[PDB]
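Asker: What follows is query-v3.csv, CSV, N, CA and C atoms and all ligand atoms.
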chain,number,residue,atom,x,y,z
A,22,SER,N,-22.7,-14.9,-19.0
A,22,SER,CA,-22.9,-16.1,-18.2
A,22,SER,C,-23.1,-15.8,-16.8
A,23,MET,N,-23.8,-16.6,-16.1
A,23,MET,CA,-23.9,-16.4,-14.7
A,23,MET,C,-22.6,-16.7,-13.9
A,24,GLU,N,-21.8,-17.6,-14.3
A,24,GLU,CA,-20.5,-17.8,-13.7
A,24,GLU,C,-19.6,-16.6,-13.8
A,25,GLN,N,-19.6,-15.9,-14.9
A,25,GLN,CA,-18.9,-14.6,-15.1
A,25,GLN,C,-19.4,-13.6,-14.2
A,26,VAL,N,-20.7,-13.4,-14.1
A,26,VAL,CA,-21.3,-12.5,-13.1
A,26,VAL,C,-20.9,-12.8,-11.6
A,27,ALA,N,-20.9,-14.1,-11.3
A,27,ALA,CA,-20.5,-14.4,-9.9
A,27,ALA,C,-19.0,-14.1,-9.6
A,28,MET,N,-18.1,-14.3,-10.6
A,28,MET,CA,-16.7,-13.9,-10.5
A,28,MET,C,-16.6,-12.4,-10.3
A,29,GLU,N,-17.3,-11.7,-11.1
A,29,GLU,CA,-17.3,-10.2,-11.1
A,29,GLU,C,-17.8,-9.7,-9.7
A,30,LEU,N,-18.9,-10.3,-9.1
A,30,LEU,CA,-19.4,-10.0,-7.9
A,30,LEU,C,-18.3,-10.2,-6.8
A,31,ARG,N,-17.6,-11.3,-6.9
A,31,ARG,CA,-16.5,-11.6,-5.9
A,31,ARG,C,-15.4,-10.5,-6.0
A,32,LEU,N,-15.1,-10.1,-7.2
A,32,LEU,CA,-14.0,-9.1,-7.3
A,32,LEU,C,-14.4,-7.8,-6.7
A,33,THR,N,-15.7,-7.5,-6.9
A,33,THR,CA,-16.3,-6.3,-6.3
A,33,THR,C,-16.2,-6.3,-4.8
A,34,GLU,N,-16.6,-7.4,-4.2
A,34,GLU,CA,-16.6,-7.6,-2.8
A,34,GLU,C,-15.1,-7.5,-2.2
A,35,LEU,N,-14.2,-8.2,-2.9
A,35,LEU,CA,-12.8,-8.0,-2.5
A,35,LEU,C,-12.3,-6.5,-2.6
A,36,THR,N,-12.7,-5.8,-3.6
A,36,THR,CA,-12.4,-4.4,-3.8
A,36,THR,C,-12.9,-3.7,-2.6
A,37,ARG,N,-14.2,-4.0,-2.2
A,37,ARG,CA,-14.8,-3.3,-1.0
A,37,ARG,C,-13.9,-3.5,0.3
A,38,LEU,N,-13.5,-4.8,0.5
A,38,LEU,CA,-12.7,-5.2,1.7
A,38,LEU,C,-11.4,-4.4,1.6
A,39,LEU,N,-10.7,-4.5,0.5
A,39,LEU,CA,-9.4,-3.8,0.3
A,39,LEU,C,-9.5,-2.3,0.4
A,40,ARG,N,-10.7,-1.7,0.0
A,40,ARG,CA,-10.9,-0.3,0.4
A,40,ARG,C,-10.9,0.0,1.9
A,41,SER,N,-11.5,-0.9,2.6
A,41,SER,CA,-11.5,-0.7,4.1
A,41,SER,C,-10.1,-0.8,4.7
A,42,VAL,N,-9.4,-1.8,4.1
A,42,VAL,CA,-7.9,-2.0,4.5
A,42,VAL,C,-7.1,-0.8,4.2
A,43,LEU,N,-7.3,-0.2,3.0
A,43,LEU,CA,-6.5,1.0,2.5
A,43,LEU,C,-6.8,2.1,3.4
A,44,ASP,N,-8.1,2.4,3.7
A,44,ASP,CA,-8.5,3.5,4.6
A,44,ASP,C,-7.9,3.3,6.0
A,45,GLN,N,-7.9,2.1,6.5
A,45,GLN,CA,-7.2,1.7,7.9
A,45,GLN,C,-5.7,2.0,7.8
A,46,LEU,N,-5.1,1.7,6.7
A,46,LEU,CA,-3.6,1.8,6.6
A,46,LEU,C,-3.3,3.3,6.6
A,47,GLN,N,-4.1,4.1,5.9
A,47,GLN,CA,-3.9,5.4,5.7
A,47,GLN,C,-4.1,6.2,7.1
A,48,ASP,N,-5.0,5.6,7.9
A,48,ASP,CA,-5.2,6.2,9.2
A,48,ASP,C,-4.0,6.0,10.1
A,49,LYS,N,-3.1,5.1,9.7
A,49,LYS,CA,-1.9,4.9,10.5
A,49,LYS,C,-0.7,5.9,10.1
A,50,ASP,N,-1.0,6.7,9.1
A,50,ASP,CA,-0.1,7.7,8.5
A,50,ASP,C,-0.8,9.0,8.6
A,51,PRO,N,-1.0,9.6,9.9
A,51,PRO,CA,-1.7,10.8,10.0
A,51,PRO,C,-1.0,12.0,9.4
A,52,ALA,N,0.3,11.9,9.3
A,52,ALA,CA,1.2,12.9,8.7
A,52,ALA,C,1.1,13.0,7.2
A,53,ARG,N,0.5,12.0,6.6
A,53,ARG,CA,0.4,11.8,5.2
A,53,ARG,C,1.7,11.8,4.4
A,54,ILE,N,2.7,11.2,5.0
A,54,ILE,CA,4.0,11.0,4.5
A,54,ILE,C,3.9,10.1,3.2
A,55,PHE,N,3.0,9.2,3.2
A,55,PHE,CA,2.9,8.2,2.1
A,55,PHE,C,1.6,8.3,1.2
A,56,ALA,N,0.9,9.4,1.4
A,56,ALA,CA,-0.3,9.7,0.7
A,56,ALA,C,-0.2,9.9,-0.8
A,57,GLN,N,0.8,10.5,-1.3
A,57,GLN,CA,1.0,10.9,-2.7
A,57,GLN,C,2.3,10.5,-3.2
A,58,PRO,N,2.5,10.5,-4.6
A,58,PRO,CA,3.8,10.1,-5.1
A,58,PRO,C,4.9,11.1,-4.7
A,59,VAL,N,6.1,10.6,-4.6
A,59,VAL,CA,7.3,11.5,-4.4
A,59,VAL,C,7.4,12.5,-5.5
A,60,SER,N,7.6,13.8,-5.2
A,60,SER,CA,7.8,14.8,-6.3
A,60,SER,C,9.0,14.7,-7.3
A,61,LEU,N,8.9,14.1,-8.5
A,61,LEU,CA,10.1,14.0,-9.5
A,61,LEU,C,10.7,15.3,-9.9
A,62,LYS,N,9.9,16.3,-9.8
A,62,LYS,CA,10.4,17.7,-9.8
A,62,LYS,C,11.2,18.0,-8.4
A,63,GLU,N,10.7,17.6,-7.3
A,63,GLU,CA,11.5,17.8,-5.9
A,63,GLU,C,12.4,16.7,-5.1
A,64,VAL,N,12.6,15.5,-5.5
A,64,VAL,CA,13.8,14.8,-5.1
A,64,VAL,C,14.1,14.4,-6.5
A,65,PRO,N,14.9,15.3,-7.3
A,65,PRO,CA,14.9,15.1,-8.7
A,65,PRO,C,15.6,13.8,-9.3
A,66,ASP,N,16.5,13.3,-8.3
A,66,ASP,CA,17.2,12.0,-8.5
A,66,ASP,C,16.4,10.8,-8.1
A,67,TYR,N,15.2,11.0,-7.5
A,67,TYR,CA,14.4,9.8,-7.0
A,67,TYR,C,14.4,8.6,-7.9
A,68,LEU,N,14.2,8.7,-9.3
A,68,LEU,CA,14.0,7.5,-10.1
A,68,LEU,C,15.3,6.8,-10.5
A,69,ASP,N,16.4,7.4,-10.3
A,69,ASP,CA,17.7,6.8,-10.3
A,69,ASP,C,17.8,5.7,-9.2
A,70,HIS,N,17.3,6.0,-8.1
A,70,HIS,CA,17.3,5.2,-6.9
A,70,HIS,C,16.2,4.1,-6.8
A,71,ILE,N,15.0,4.5,-7.1
A,71,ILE,CA,13.8,3.7,-6.8
A,71,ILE,C,13.1,3.4,-8.1
A,72,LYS,N,13.2,2.1,-8.5
A,72,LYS,CA,12.6,1.7,-9.8
A,72,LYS,C,11.1,1.5,-9.9
A,73,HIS,N,10.4,1.3,-8.8
A,73,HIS,CA,9.0,1.1,-8.7
A,73,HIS,C,8.4,1.9,-7.6
A,74,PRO,N,8.2,3.2,-7.9
A,74,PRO,CA,7.6,4.1,-6.8
A,74,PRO,C,6.2,3.7,-6.5
A,75,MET,N,5.8,3.9,-5.3
A,75,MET,CA,4.4,3.6,-4.9
A,75,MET,C,4.0,4.6,-3.8
A,76,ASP,N,2.7,4.7,-3.7
A,76,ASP,CA,2.1,5.6,-2.7
A,76,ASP,C,0.6,5.2,-2.5
A,77,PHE,N,-0.1,5.8,-1.5
A,77,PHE,CA,-1.4,5.4,-1.3
A,77,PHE,C,-2.4,5.9,-2.4
A,78,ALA,N,-2.2,7.1,-3.0
A,78,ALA,CA,-3.1,7.6,-4.0
A,78,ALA,C,-3.0,6.6,-5.2
A,79,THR,N,-1.9,6.2,-5.6
A,79,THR,CA,-1.7,5.3,-6.7
A,79,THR,C,-2.4,4.0,-6.4
A,80,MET,N,-2.3,3.5,-5.1
A,80,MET,CA,-3.0,2.3,-4.8
A,80,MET,C,-4.6,2.5,-4.8
A,81,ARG,N,-5.1,3.6,-4.4
A,81,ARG,CA,-6.5,3.9,-4.5
A,81,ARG,C,-6.9,3.9,-6.0
A,82,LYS,N,-6.1,4.4,-6.9
A,82,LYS,CA,-6.5,4.4,-8.3
A,82,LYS,C,-6.6,3.0,-8.8
A,83,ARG,N,-5.7,2.2,-8.4
A,83,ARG,CA,-5.7,0.8,-8.9
A,83,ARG,C,-6.9,0.1,-8.3
A,84,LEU,N,-7.2,0.4,-7.1
A,84,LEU,CA,-8.4,-0.2,-6.4
A,84,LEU,C,-9.7,0.2,-7.0
A,85,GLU,N,-9.8,1.5,-7.4
A,85,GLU,CA,-11.0,1.9,-8.0
A,85,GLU,C,-11.3,1.3,-9.4
A,86,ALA,N,-10.2,0.9,-10.1
A,86,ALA,CA,-10.3,0.1,-11.3
A,86,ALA,C,-10.4,-1.4,-11.1
A,87,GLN,N,-10.5,-1.9,-9.9
A,87,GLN,CA,-10.7,-3.3,-9.5
A,87,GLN,C,-9.4,-4.0,-10.0
A,88,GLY,N,-8.3,-3.3,-9.8
A,88,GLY,CA,-7.1,-3.8,-10.3
A,88,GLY,C,-6.3,-4.8,-9.4
A,89,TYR,N,-6.8,-4.9,-8.2
A,89,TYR,CA,-6.2,-6.0,-7.3
A,89,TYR,C,-7.1,-7.3,-7.4
A,90,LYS,N,-6.5,-8.3,-7.9
A,90,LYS,CA,-7.2,-9.6,-8.0
A,90,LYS,C,-7.2,-10.5,-6.7
A,91,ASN,N,-6.3,-10.2,-5.8
A,91,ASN,CA,-6.1,-10.9,-4.5
A,91,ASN,C,-5.4,-10.0,-3.5
A,92,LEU,N,-5.4,-10.5,-2.3
A,92,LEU,CA,-4.8,-9.7,-1.2
A,92,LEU,C,-3.3,-9.6,-1.4
A,93,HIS,N,-2.6,-10.7,-1.9
A,93,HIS,CA,-1.2,-10.7,-2.1
A,93,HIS,C,-0.7,-9.5,-3.0
A,94,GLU,N,-1.5,-9.2,-4.1
A,94,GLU,CA,-1.2,-8.1,-5.0
A,94,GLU,C,-1.2,-6.7,-4.2
A,95,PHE,N,-2.2,-6.6,-3.4
A,95,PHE,CA,-2.4,-5.3,-2.6
A,95,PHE,C,-1.2,-5.2,-1.6
A,96,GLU,N,-1.0,-6.3,-0.9
A,96,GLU,CA,0.2,-6.3,0.0
A,96,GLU,C,1.5,-6.0,-0.6
A,97,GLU,N,1.7,-6.5,-1.9
A,97,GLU,CA,3.0,-6.1,-2.6
A,97,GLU,C,3.2,-4.6,-2.8
A,98,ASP,N,2.1,-4.0,-3.1
A,98,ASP,CA,2.1,-2.5,-3.3
A,98,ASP,C,2.4,-1.8,-1.9
A,99,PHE,N,1.8,-2.3,-0.9
A,99,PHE,CA,2.0,-1.6,0.4
A,99,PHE,C,3.5,-1.8,0.8
A,100,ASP,N,4.0,-3.0,0.6
A,100,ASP,CA,5.4,-3.3,0.9
A,100,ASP,C,6.4,-2.5,0.1
A,101,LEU,N,6.0,-2.1,-1.2
A,101,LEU,CA,6.8,-1.2,-1.9
A,101,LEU,C,6.9,0.2,-1.3
A,102,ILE,N,5.7,0.7,-0.8
A,102,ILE,CA,5.7,2.0,-0.1
A,102,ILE,C,6.8,2.0,0.9
A,103,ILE,N,6.7,1.0,1.8
A,103,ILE,CA,7.6,0.9,3.0
A,103,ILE,C,9.1,0.7,2.5
A,104,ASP,N,9.3,-0.3,1.7
A,104,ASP,CA,10.6,-0.7,1.3
A,104,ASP,C,11.3,0.4,0.5
A,105,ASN,N,10.6,1.1,-0.4
A,105,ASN,CA,11.3,2.2,-1.1
A,105,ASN,C,11.8,3.3,-0.2
A,106,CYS,N,10.9,3.5,0.8
A,106,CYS,CA,11.2,4.6,1.8
A,106,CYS,C,12.4,4.3,2.7
A,107,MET,N,12.5,3.0,3.1
A,107,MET,CA,13.6,2.5,3.9
A,107,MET,C,15.0,2.4,3.1
A,108,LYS,N,14.9,2.3,1.8
A,108,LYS,CA,16.1,2.4,1.0
A,108,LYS,C,16.6,3.8,0.7
A,109,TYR,N,15.7,4.7,0.3
A,109,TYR,CA,16.1,6.0,-0.1
A,109,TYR,C,16.5,6.9,1.1
A,110,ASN,N,15.8,6.7,2.2
A,110,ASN,CA,16.1,7.5,3.4
A,110,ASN,C,16.9,6.8,4.4
A,111,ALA,N,17.8,7.5,5.0
A,111,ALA,CA,18.7,6.9,6.0
A,111,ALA,C,18.0,6.5,7.3
A,112,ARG,N,18.5,5.5,8.0
A,112,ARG,CA,18.0,5.0,9.2
A,112,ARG,C,17.7,6.0,10.3
A,113,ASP,N,18.4,7.1,10.3
A,113,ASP,CA,18.2,8.2,11.3
A,113,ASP,C,17.1,9.3,10.9
A,114,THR,N,16.4,9.1,9.9
A,114,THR,CA,15.5,10.1,9.4
A,114,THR,C,14.1,9.8,9.9
A,115,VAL,N,13.3,10.9,10.0
A,115,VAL,CA,11.9,10.8,10.3
A,115,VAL,C,11.1,9.9,9.2
A,116,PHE,N,11.6,10.0,8.0
A,116,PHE,CA,11.0,9.2,6.9
A,116,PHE,C,11.2,7.7,7.1
A,117,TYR,N,12.4,7.3,7.4
A,117,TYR,CA,12.7,5.9,7.6
A,117,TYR,C,11.9,5.3,8.8
A,118,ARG,N,11.9,6.1,9.9
A,118,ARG,CA,11.3,5.7,11.1
A,118,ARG,C,9.8,5.7,10.9
A,119,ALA,N,9.2,6.6,10.1
A,119,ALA,CA,7.7,6.6,9.9
A,119,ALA,C,7.4,5.3,9.1
A,120,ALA,N,8.3,4.9,8.1
A,120,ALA,CA,8.0,3.6,7.4
A,120,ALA,C,8.1,2.4,8.3
A,121,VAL,N,9.0,2.4,9.3
A,121,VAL,CA,9.0,1.3,10.2
A,121,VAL,C,7.7,1.2,11.1
A,122,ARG,N,7.2,2.3,11.6
A,122,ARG,CA,6.0,2.4,12.4
A,122,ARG,C,4.8,1.9,11.5
A,123,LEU,N,4.8,2.4,10.3
A,123,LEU,CA,3.7,2.0,9.4
A,123,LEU,C,3.7,0.5,9.1
A,124,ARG,N,4.8,-0.1,8.8
A,124,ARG,CA,5.0,-1.5,8.6
A,124,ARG,C,4.4,-2.2,9.8
A,125,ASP,N,4.8,-1.8,11.0
A,125,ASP,CA,4.4,-2.5,12.2
A,125,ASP,C,3.0,-2.5,12.5
A,126,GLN,N,2.4,-1.3,12.4
A,126,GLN,CA,0.9,-1.1,12.6
A,126,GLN,C,0.1,-1.7,11.5
A,127,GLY,N,0.6,-1.5,10.2
A,127,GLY,CA,-0.1,-2.1,9.1
A,127,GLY,C,-0.1,-3.6,9.0
A,128,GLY,N,0.9,-4.2,9.6
A,128,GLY,CA,1.0,-5.7,9.7
A,128,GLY,C,-0.2,-6.3,10.4
A,129,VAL,N,-0.6,-5.6,11.5
A,129,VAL,CA,-1.8,-6.0,12.2
A,129,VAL,C,-3.1,-6.0,11.3
A,130,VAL,N,-3.3,-4.9,10.6
A,130,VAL,CA,-4.4,-4.7,9.7
A,130,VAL,C,-4.4,-5.8,8.6
A,131,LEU,N,-3.3,-6.0,8.1
A,131,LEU,CA,-3.2,-7.0,7.0
A,131,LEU,C,-3.3,-8.4,7.4
A,132,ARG,N,-2.9,-8.7,8.7
A,132,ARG,CA,-3.1,-10.0,9.2
A,132,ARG,C,-4.6,-10.4,9.4
A,133,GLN,N,-5.4,-9.4,9.9
A,133,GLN,CA,-6.8,-9.7,10.0
A,133,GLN,C,-7.5,-9.7,8.6
A,134,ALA,N,-7.0,-8.8,7.7
A,134,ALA,CA,-7.6,-8.9,6.3
A,134,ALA,C,-7.4,-10.3,5.7
A,135,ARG,N,-6.3,-10.9,5.9
A,135,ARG,CA,-6.0,-12.3,5.4
A,135,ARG,C,-7.0,-13.3,6.0
A,136,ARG,N,-7.3,-13.2,7.3
A,136,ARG,CA,-8.3,-14.1,7.9
A,136,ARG,C,-9.7,-13.9,7.4
A,137,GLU,N,-10.1,-12.6,7.1
A,137,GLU,CA,-11.4,-12.3,6.5
A,137,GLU,C,-11.6,-12.8,5.1
A,138,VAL,N,-10.5,-12.6,4.3
A,138,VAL,CA,-10.5,-13.0,2.9
A,138,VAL,C,-10.7,-14.5,2.8
A,139,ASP,N,-9.9,-15.2,3.6
A,139,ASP,CA,-9.9,-16.7,3.6
A,139,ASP,C,-11.2,-17.2,4.1
A,140,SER,N,-11.7,-16.6,5.1
A,140,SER,CA,-13.0,-17.0,5.8
A,140,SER,C,-14.2,-16.8,4.8
A,141,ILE,N,-14.3,-15.6,4.3
A,141,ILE,CA,-15.4,-15.2,3.4
A,141,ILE,C,-15.3,-16.0,2.0
A,142,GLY,N,-14.1,-16.4,1.6
A,142,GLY,CA,-13.8,-17.0,0.4
A,142,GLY,C,-13.6,-16.1,-0.8
B,1,NA,NA,19.5,3.7,2.4
Could you spell out this file's structure in structure tokens?
Ligand code: NA

Answerer:
Amino acid sequence: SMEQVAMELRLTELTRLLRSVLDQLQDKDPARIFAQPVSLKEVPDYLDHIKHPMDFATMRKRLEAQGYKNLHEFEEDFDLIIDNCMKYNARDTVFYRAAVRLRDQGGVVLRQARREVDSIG
């Protein structure tokens, strides 16, 4: 049906926009602290602490499968990245502080993404 096609074209375009957002977020992490999953072989107790691990590579995989239906879903995953980090790592660490900085800088990116998504429909 043409209506199905139109809905698929919208999802594709959202996926495009969310790719640009993901690339911008990742540019705010030059150290690549959040680029890849935490090593379950190297913080061996990680999954006792954190029930829903998240990272940018995992988000890129979901995005390439057109797995985000709306901006809220994508934001949820970015917030997991941040929140998991702030729980596991103490306030005095480079890790906790890198999460705070990313949240602050990424909030700007996500605020404009919300205006574009709303505006474009
Ligand atoms: Na903590």

Asker: Would you please give, as a PyMOL selection string, all residues of range 33-131 of chain A that DSSP assigns to alpha helix (DSSP H) based on the backbone?

Answerer: chain A and resi 33-48+67-70+77-85+92-109+115-131

Asker: Using only C-alpha atoms - which residues lie no farther than 10 Å from the point (2.2, -0.3, 1.6) in the file's frame? Write them as a list in words.

Answerer: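 Applying the cut-off with only C-alpha atoms, one gets residues 43, 46, 47, 55, 75, 76, 77, 80, 95, 96, 97, 98, 99, 100, 101, 102, 103, 104, 105, 120, 123, 124, 127 and 128 of chain A.
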
Asker: Could you write those residues out with N, CA and C atoms, as a short mmCIF file (atom, residue, chain, number, x, y, z; two decimals), in the frame of the given file?

Answerer:
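Result went into out-v4.cif, see below:
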data_model
loop_
_atom_site.label_atom_id
_atom_site.label_comp_id
_atom_site.auth_asym_id
_atom_site.auth_seq_id
_atom_site.Cartn_x
_atom_site.Cartn_y
_atom_site.Cartn_z
N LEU A 43 -7.30 -0.20 3.00
CA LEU A 43 -6.50 1.00 2.50
C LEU A 43 -6.80 2.10 3.40
N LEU A 46 -5.10 1.70 6.70
CA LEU A 46 -3.60 1.80 6.60
C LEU A 46 -3.30 3.30 6.60
N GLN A 47 -4.10 4.10 5.90
CA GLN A 47 -3.90 5.40 5.70
C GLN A 47 -4.10 6.20 7.10
N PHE A 55 3.00 9.20 3.20
CA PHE A 55 2.90 8.20 2.10
C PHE A 55 1.60 8.30 1.20
N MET A 75 5.80 3.90 -5.30
CA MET A 75 4.40 3.60 -4.90
C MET A 75 4.00 4.60 -3.80
N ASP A 76 2.70 4.70 -3.70
CA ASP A 76 2.10 5.60 -2.70
C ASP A 76 0.60 5.20 -2.50
N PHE A 77 -0.10 5.80 -1.50
CA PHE A 77 -1.40 5.40 -1.30
C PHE A 77 -2.40 5.90 -2.40
N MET A 80 -2.30 3.50 -5.10
CA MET A 80 -3.00 2.30 -4.80
C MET A 80 -4.60 2.50 -4.80
N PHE A 95 -2.20 -6.60 -3.40
CA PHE A 95 -2.40 -5.30 -2.60
C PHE A 95 -1.20 -5.20 -1.60
N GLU A 96 -1.00 -6.30 -0.90
CA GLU A 96 0.20 -6.30 0.00
C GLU A 96 1.50 -6.00 -0.60
N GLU A 97 1.70 -6.50 -1.90
CA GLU A 97 3.00 -6.10 -2.60
C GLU A 97 3.20 -4.60 -2.80
N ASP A 98 2.10 -4.00 -3.10
CA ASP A 98 2.10 -2.50 -3.30
C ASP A 98 2.40 -1.80 -1.90
N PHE A 99 1.80 -2.30 -0.90
CA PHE A 99 2.00 -1.60 0.40
C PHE A 99 3.50 -1.80 0.80
N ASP A 100 4.00 -3.00 0.60
CA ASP A 100 5.40 -3.30 0.90
C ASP A 100 6.40 -2.50 0.10
N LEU A 101 6.00 -2.10 -1.20
CA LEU A 101 6.80 -1.20 -1.90
C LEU A 101 6.90 0.20 -1.30
N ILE A 102 5.70 0.70 -0.80
CA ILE A 102 5.70 2.00 -0.10
C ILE A 102 6.80 2.00 0.90
N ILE A 103 6.70 1.00 1.80
CA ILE A 103 7.60 0.90 3.00
C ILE A 103 9.10 0.70 2.50
N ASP A 104 9.30 -0.30 1.70
CA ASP A 104 10.60 -0.70 1.30
C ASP A 104 11.30 0.40 0.50
N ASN A 105 10.60 1.10 -0.40
CA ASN A 105 11.30 2.20 -1.10
C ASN A 105 11.80 3.30 -0.20
N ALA A 120 8.30 4.90 8.10
CA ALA A 120 8.00 3.60 7.40
C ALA A 120 8.10 2.40 8.30
N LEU A 123 4.80 2.40 10.30
CA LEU A 123 3.70 2.00 9.40
C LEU A 123 3.70 0.50 9.10
N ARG A 124 4.80 -0.10 8.80
CA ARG A 124 5.00 -1.50 8.60
C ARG A 124 4.40 -2.20 9.80
N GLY A 127 0.60 -1.50 10.20
CA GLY A 127 -0.10 -2.10 9.10
C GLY A 127 -0.10 -3.60 9.00
N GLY A 128 0.90 -4.20 9.60
CA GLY A 128 1.00 -5.70 9.70
C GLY A 128 -0.20 -6.30 10.40
#

Asker: Considering only C-alpha atoms, can you say which of A:142, A:36, A:26, A:132 comes closest to residue 88 in chain A?

Answerer: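 Nearest candidate to residue 88 in chain A out of A:142, A:36, A:26, A:132: A:36.
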
Asker: Point out the residue among A:53, A:138, A:69, A:111 with the least atom-to-atom distance to ligand NA 1 (chain B), counting all atoms listed in the file.

Answerer: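 Closest residue, counting all atoms listed in the file: A:111.
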
Asker: Let me have all residues with an atom within 9 Å of ligand NA 1 (chain B), counting only C-alpha atoms and all ligand atoms, laid out as a list in words.

Answerer: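 Selection of residues at most 9 Å from ligand NA 1 (chain B): residues 106, 107, 108, 109, 110, 111, 112 and 117 of chain A.
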
Asker: Could you state the separation of CA of residue 89 in chain A and CA of residue 30 in chain A in Å, given to one decimal place?

Answerer: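 Going from CA of residue 89 in chain A over to CA of residue 30 in chain A, I get 13.8 Å.
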
Asker: Give me the residues within 12 Å of residue 45 in chain A as a list in words, counting only C-alpha atoms and dropping any in the same chain fewer than 2 places off.

Answerer: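 Counting only the stated atoms, we get residues 38, 39, 40, 41, 42, 43, 47, 48, 49, 50, 51, 77, 123, 126, 127, 128, 129, 130, 131, 133 and 134 of chain A.
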
Asker: To one decimal place, how far is atom C of residue 37 in chain A from CA of residue 86 in chain A in Å?

Answerer: 12.7 Å

Asker: CA of residue 59 in chain A to CA of residue 71 in chain A: how many Å, to one decimal?

Answerer: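 Pair CA of residue 59 in chain A / CA of residue 71 in chain A returns 10.4 Å.
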
Asker: Using the file's own x, y and z axes, what box holds all listed atoms of range 42-52 of chain A with 3 Å on each side, keeping edges along x, y and z, and what are its centre and edge lengths in Å to one decimal, as AutoDock Vina command-line options?

Answerer:
--center_x -4.1 --center_y 5.5 --center_z 6.5 --size_x 16.6 --size_y 21.0 --size_z 14.0
